[PDB]
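*Asks:* Once you've had a glance at the structure underneath, I'll fire off some questions.
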Amino acid sequence: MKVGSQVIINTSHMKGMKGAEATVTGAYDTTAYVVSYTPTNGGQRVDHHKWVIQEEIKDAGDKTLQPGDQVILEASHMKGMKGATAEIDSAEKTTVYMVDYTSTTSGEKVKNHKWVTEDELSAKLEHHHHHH
């Protein structure tokens, strides 16, 4: 997808993104990860959480984090996430997009959503067209 393009989100982290029309406000070529962690502030263990990238993580060090490696998260997408011990479930080479969508569950306007992949998106022009 190109920056400025319209796309329809099929697979989604938020329910308000499934069937939603997003706008690609950024396109990033970085190493993406699926991590599992227990929130240090006394929260329920977030299993197979995605997406977190190389510059999202301290203990990354610009090296390839292998399945089974444990790292600490510098960024936070929610309350209790930063400072938690995460373990690499899967290492991924995908194009990750920053998008603007309307949460279809409520009707609320959300911008700069991070991250969504080529797998999780369908094109506005080429609708139904997935690459597997």
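Residue names in the structure tokens use chain letters A, B, ... in the order shown, residue numbers from 1 in each chain, and ligand numbers from 1 in the order shown.
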Enumerate the residues of chain A with a DSSP assignment of helix (DSSP H, G or I), computed from the backbone, and present them as a list in words.

*Replies:* residues 15, 16, 17, 54, 55 and 56 of chain A

*Asks:* Which residues are near range 35-49 of chain A? Cut-off 7 Å, only C-alpha atoms, ignore same chain within fewer than 3 positions. Put them as a list in words.

*Replies:*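 My list of contacting residues is residues 80, 81, 83, 84, 85, 86, 87, 88 and 89 of chain A.
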
*Asks:* For the selection you just gave me, I'd like the residues written to a file as an mmCIF file, in the first residue's frame, keeping C-alpha atoms.

*Replies:*
data_model
loop_
_atom_site.group_PDB
_atom_site.id
_atom_site.type_symbol
_atom_site.label_atom_id
_atom_site.label_comp_id
_atom_site.auth_asym_id
_atom_site.auth_seq_id
_atom_site.Cartn_x
_atom_site.Cartn_y
_atom_site.Cartn_z
ATOM 1 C CA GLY A 80 0.714 -1.439 32.513
ATOM 2 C CA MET A 81 2.663 -2.384 29.303
ATOM 3 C CA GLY A 83 8.546 -2.131 31.921
ATOM 4 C CA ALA A 84 6.898 -5.599 31.485
ATOM 5 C CA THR A 85 9.024 -8.699 30.591
ATOM 6 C CA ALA A 86 8.049 -9.927 27.066
ATOM 7 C CA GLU A 87 9.025 -13.182 25.227
ATOM 8 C CA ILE A 88 9.315 -13.533 21.401
ATOM 9 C CA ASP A 89 6.590 -15.974 20.178
#

*Asks:* Quick one: DSSP strand (DSSP E or B) residues in range 55-92 of chain A, as an mmCIF file with N, CA, C and O atoms, in the first residue's frame?

*Replies:*
data_model
loop_
_atom_site.group_PDB
_atom_site.id
_atom_site.type_symbol
_atom_site.label_atom_id
_atom_site.label_comp_id
_atom_site.auth_asym_id
_atom_site.auth_seq_id
_atom_site.Cartn_x
_atom_site.Cartn_y
_atom_site.Cartn_z
ATOM 1 N N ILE A 57 11.511 -1.657 21.449
ATOM 2 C CA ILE A 57 12.120 -2.519 22.481
ATOM 3 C C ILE A 57 13.559 -2.048 22.825
ATOM 4 O O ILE A 57 14.354 -1.755 21.927
ATOM 5 N N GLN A 70 13.822 -13.151 25.717
ATOM 6 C CA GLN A 70 13.051 -12.235 26.596
ATOM 7 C C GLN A 70 13.659 -10.814 26.583
ATOM 8 O O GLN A 70 14.871 -10.630 26.709
ATOM 9 N N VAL A 71 12.775 -9.816 26.426
ATOM 10 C CA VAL A 71 13.118 -8.390 26.232
ATOM 11 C C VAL A 71 12.143 -7.480 27.027
ATOM 12 O O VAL A 71 11.021 -7.886 27.325
ATOM 13 N N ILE A 72 12.570 -6.243 27.363
ATOM 14 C CA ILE A 72 11.709 -5.256 28.075
ATOM 15 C C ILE A 72 11.198 -4.180 27.069
ATOM 16 O O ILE A 72 11.962 -3.670 26.234
ATOM 17 N N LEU A 73 9.893 -3.846 27.173
ATOM 18 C CA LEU A 73 9.203 -2.890 26.274
ATOM 19 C C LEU A 73 9.343 -1.429 26.785
ATOM 20 O O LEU A 73 8.942 -1.117 27.913
ATOM 21 N N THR A 85 8.125 -7.706 31.219
ATOM 22 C CA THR A 85 9.024 -8.699 30.591
ATOM 23 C C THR A 85 8.251 -9.485 29.511
ATOM 24 O O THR A 85 7.303 -10.210 29.823
ATOM 25 N N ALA A 86 8.700 -9.351 28.259
ATOM 26 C CA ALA A 86 8.049 -9.927 27.066
ATOM 27 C C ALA A 86 8.920 -11.052 26.486
ATOM 28 O O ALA A 86 10.134 -11.001 26.595
ATOM 29 N N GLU A 87 8.300 -12.060 25.867
ATOM 30 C CA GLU A 87 9.025 -13.182 25.227
ATOM 31 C C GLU A 87 8.579 -13.311 23.763
ATOM 32 O O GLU A 87 7.379 -13.304 23.474
ATOM 33 N N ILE A 88 9.557 -13.428 22.853
ATOM 34 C CA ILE A 88 9.315 -13.533 21.401
ATOM 35 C C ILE A 88 8.617 -14.876 21.068
ATOM 36 O O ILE A 88 9.219 -15.943 21.195
ATOM 37 N N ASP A 89 7.339 -14.813 20.687
ATOM 38 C CA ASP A 89 6.590 -15.974 20.178
ATOM 39 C C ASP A 89 6.980 -16.242 18.703
ATOM 40 O O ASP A 89 7.125 -17.394 18.275
ATOM 41 N N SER A 90 7.174 -15.143 17.945
ATOM 42 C CA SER A 90 7.461 -15.194 16.498
ATOM 43 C C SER A 90 8.226 -13.933 16.031
ATOM 44 O O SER A 90 7.949 -12.816 16.490
ATOM 45 N N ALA A 91 9.193 -14.133 15.115
ATOM 46 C CA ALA A 91 9.951 -13.043 14.463
ATOM 47 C C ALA A 91 9.444 -12.876 13.013
ATOM 48 O O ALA A 91 9.318 -13.867 12.285
ATOM 49 N N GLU A 92 9.156 -11.633 12.593
ATOM 50 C CA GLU A 92 8.442 -11.361 11.320
ATOM 51 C C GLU A 92 9.128 -10.261 10.470
ATOM 52 O O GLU A 92 9.601 -9.249 10.998
#

*Asks:* So, with only C-alpha atoms as the atoms that count, which of A:126, A:120, A:29, A:56 lies closest to residue 10 in chain A?

*Replies:* A:120

*Asks:* So what do you get for CA of residue 12 in chain A versus CA of residue 116 in chain A, distance-wise?

*Replies:*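 Spanning CA of residue 12 in chain A to CA of residue 116 in chain A is a straight-line distance of 7.7 Å.
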
*Asks:* How far is it from CA of residue 51 in chain A to CA of residue 114 in chain A, in Å with one decimal?

*Replies:* 7.6 Å

*Asks:* Considering only C-alpha atoms, can you say which of A:61, A:19, A:68, A:26 comes closest to residue 113 in chain A?

*Replies:*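 Comparing A:61, A:19, A:68, A:26 against residue 113 in chain A, the winner is A:26.
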
*Asks:* Which residue gives the smallest distance to residue 121 in chain A among A:78, A:14, A:105, A:20, with only C-alpha atoms counted?

*Replies:*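 For residue 121 in chain A, the nearest of the candidates is A:20.
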
*Asks:* If you count only C-alpha atoms, which residues fall within 7 Å of residue 31 in chain A, apart from same-chain ones fewer than 4 positions away, as a ChimeraX atom specification?

*Replies:* /A:53-54,92-94

*Asks:* In Å to one decimal, how far is CA of residue 77 in chain A from CA of residue 128 in chain A?

*Replies:*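 Distance reported for this atom pair: 29.4 Å.
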
*Asks:* With a distance cut-off of 6 Å and only C-alpha atoms, select the neighbouring residues of residue 96 in chain A, excluding the residue or stretch itself and same-chain residues fewer than 3 positions from it, and output the selection as JSON, numbers by chain.

*Replies:* {"A": [28, 115, 116, 117]}
